[PDB]
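Consider the single chain below, provided in structure tokens and representing the form deposited in one PDB entry.
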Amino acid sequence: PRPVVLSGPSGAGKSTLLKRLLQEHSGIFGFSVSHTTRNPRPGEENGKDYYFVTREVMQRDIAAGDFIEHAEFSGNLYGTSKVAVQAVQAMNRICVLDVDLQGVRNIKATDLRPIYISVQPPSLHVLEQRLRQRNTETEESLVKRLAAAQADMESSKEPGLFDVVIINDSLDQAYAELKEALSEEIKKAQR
């Protein structure tokens, strides 16, 4: 099977859909634990949700070639390390990655050759509402999210960028569509 890249706007439901997929199919899928320089949100665990490091550690890691890709997003650094992807492969699991649009384009030139899935909100208004209920960003950081989010929604319609686009209105339906898009991936892994 192939690795899986989830991309979409901030708050459209990338994390929520992925977290469920990793519970139902914990034997099939493995999460790529990115590095980030942003502060952990309550409930996030180092080594599970992210590798939480300072900017000095992240830059020294970049200088050492640790990362398949890395991008700056809303004043913080994020990156997919080779070590993170190899950890999933050494477990005999399909690697699932959660990256922004920059990561998608970055990954499009690596040897990962993954499936690309875009998770989109029903409207940009609903996306702002979902981010407000989250309340993990300041209004200065919140405003920057919507600027980057509109670029994601526009690039979702690019002819050869994403393999599957999923509108997250109902989690039951969106996860049902996520499983349907990964049926071939699951079938190959299980054989």
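Take the two forms, superpose them, and find the largest set of C-alpha atoms that agree within 1.5 Å; that set is the rigid core. Residue indices: 1-based, along the sequence shown.
FYI, the form deposited in another entry isn't displayed, but the following is about it.
Chemist: Answer yes if the Cα of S118 shifts by 2 angstroms or more between the shown form and the other one on a rigid-core superposition, and no otherwise.
Modeler: Not so; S118 is displaced by less than 2 Å.
Chemist: C-alpha of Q102: shift of 2 angstroms or more between the shown form and the other one, rigid core aligned?
Modeler: No; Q102 is a residue whose C-alpha shifts by less than 2 Å between the shown form and the other one when the cores are overlaid.
Chemist: Aligning on the rigid core, do we see the C-alpha of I166 shift 2 angstroms or more between the shown form and the other one?
Modeler: No, the C-alpha position differs by under 2 Å between the shown form and the other one.
Chemist: With a C-alpha distance change of 3 Å or more, do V99 and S74 lie closer or farther in the other form?
Modeler: Farther apart in the other form, by 3 Å or more.
Chemist: Tell me whether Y78 and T16 end up closer or farther apart in the other form, going by their C-alpha atoms; the shift is 3 Å or more.
Modeler: Farther, not closer.
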